Amino acid sequence: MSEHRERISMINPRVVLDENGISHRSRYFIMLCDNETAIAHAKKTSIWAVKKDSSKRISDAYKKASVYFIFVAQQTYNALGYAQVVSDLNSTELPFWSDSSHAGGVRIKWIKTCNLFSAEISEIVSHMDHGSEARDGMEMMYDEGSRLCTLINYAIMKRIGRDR
RNA sequence: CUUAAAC
């Protein structure tokens, strides 16, 4: 994490971080996608099924923070987009594709969608778990989430990796 | 206008 100085982001010095490099106001989770149908449907319908392992932390983060999902292909590490979580976990509105690994659904608001290869994105994702590959549904640091948002935005504005 | 958000 950032060792900039109390602890602050290395991208924006006004963002104060906890001792895990997380901002209490803006929080970021990686969704590793291995199912073309699921990601395709989520891009059309803006509903996502949340894995049981990550569901409680995501739900708790939603209480007091803006919460974002960053979608990455598990096998290729292509960035698929990012979205804000705009509903808490619920059992009322589930995607048809959810199964026993999922706790329930959330509504998302897509900010960007893409199918993007970026070697910096790949390197971030490869080292996201304290230097090892990202685990599905893990929270990342403020600066990782911000940098990924920036890279996706940059690619899109350069007309690279667009899906629309 | 596929303009990250927040600060």
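Order of the sequence lines sets the chain letters (A, B, ...), proteins ahead of strands, with each chain counted from 1. The figures here come from the full heavy-atom set of this structure, side chains too, leaving out hydrogens, waters and symmetry mates.
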Enquirer: Distance check needed: B:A4 P versus A:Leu151 CG, whole Å only.
Expert: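 Taking atom P of B:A4 as the reference, CG of A:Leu151 is at 13 Å.
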Enquirer: To the nearest Å, give me how far apart OH (A:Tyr154) and P (B:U2) are.
Expert: 19 Å
Enquirer: Find the distance A:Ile160:CD1 to B:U2:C1' and express it as a whole number of Å.
Expert: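 The answer, rounded to whole Å, is 14 Å.
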Enquirer: What integer distance in Å separates A:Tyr82:OH from B:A5:P?
Expert: 8 Å
Enquirer: Apply side chain to side chain contact (heavy atoms under 4.5 Å, CB included) to A:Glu93 and list each qualifying residue two or more places apart in sequence or on a separate chain.
Expert: A:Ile47, A:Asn90, A:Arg107
Enquirer: In whole angstrom, what separates A:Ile111's CD1 from B:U3's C1'?
Expert: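 In whole Å, B:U3 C1' and A:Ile111 CD1 are 12 Å from each other.
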Enquirer: Can you list every salt bridge (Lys or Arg N to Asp or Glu O under 4.0 Å) pair that touches residues 13-23 of chain A, not counting sequence neighbours?
Expert: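 Residue pairs passing salt bridge (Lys or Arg N to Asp or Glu O under 4.0 Å), neighbours aside: A:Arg7-A:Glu19.
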Enquirer: Give the nucleotide from the list B:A4, B:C7, B:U2 with an atom nearest to the side chain of A:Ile156.
Expert: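 Per side-chain heavy atoms of A:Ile156, the pick is B:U2.
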Enquirer: Between B:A5 atom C1' and A:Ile108 atom CD1, what is the distance in whole Å?
Expert: 16 Å
Enquirer: Shortest non-hydrogen contact from A:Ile108 to A:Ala42?
Expert: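 Minimum heavy-atom separation between A:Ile108 and A:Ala42: CD1-O, 4.5 Å.
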Enquirer: Given B:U2, B:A4, B:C7, which nucleotide is nearest the side-chain atoms of A:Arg25?
Expert: B:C7
Enquirer: Quickly work out the A:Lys43 NZ to B:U2 P distance and round it to whole Å.
Expert: 15 Å
Enquirer: Mind telling me whether A:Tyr28 and A:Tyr68 have parallel, tilted or perpendicular rings, with 30° and 60° as the class edges?
Expert: parallel
Enquirer: Kindly indicate whether the side chain of A:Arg162 and the base of B:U2 share any N or O donor-acceptor pair separated by less than 3.5 Å?
Expert: no
Enquirer: Is A:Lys109 near enough to B:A5 that one of its side-chain N or O atoms lies under 4.0 angstrom from OP1 or OP2?
Expert: no
Enquirer: Given A:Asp60, which of A:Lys56, A:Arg57, A:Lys63 fulfils the side-chain hydrogen bond (donor to acceptor under 3.5 Å, both in side chains) condition?
Expert: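 It is A:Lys63; the other options fail the test.
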Enquirer: Rounding to an integer number of Å, can you tell me how far A:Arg14 CZ sits from B:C7 P?
Expert: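 Nearest whole value for this atom pair: 11 Å.
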Enquirer: Can you find an N or O donor on one side and an acceptor on the other, under 3.5 Å apart, linking the side chain of A:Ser146 with the base of B:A4?
Expert: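 Per atom types, the contact qualifies.
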Enquirer: What's the closest nucleotide to the side chain of A:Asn12 if the choices are B:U3, B:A5, B:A6?
Expert: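 The listed nucleotide nearest to A:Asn12's side chain is B:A6.
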Enquirer: So, does the side chain of A:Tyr142 form a donor-acceptor pair with the base of B:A5 at under 3.5 Å?
Expert: yes
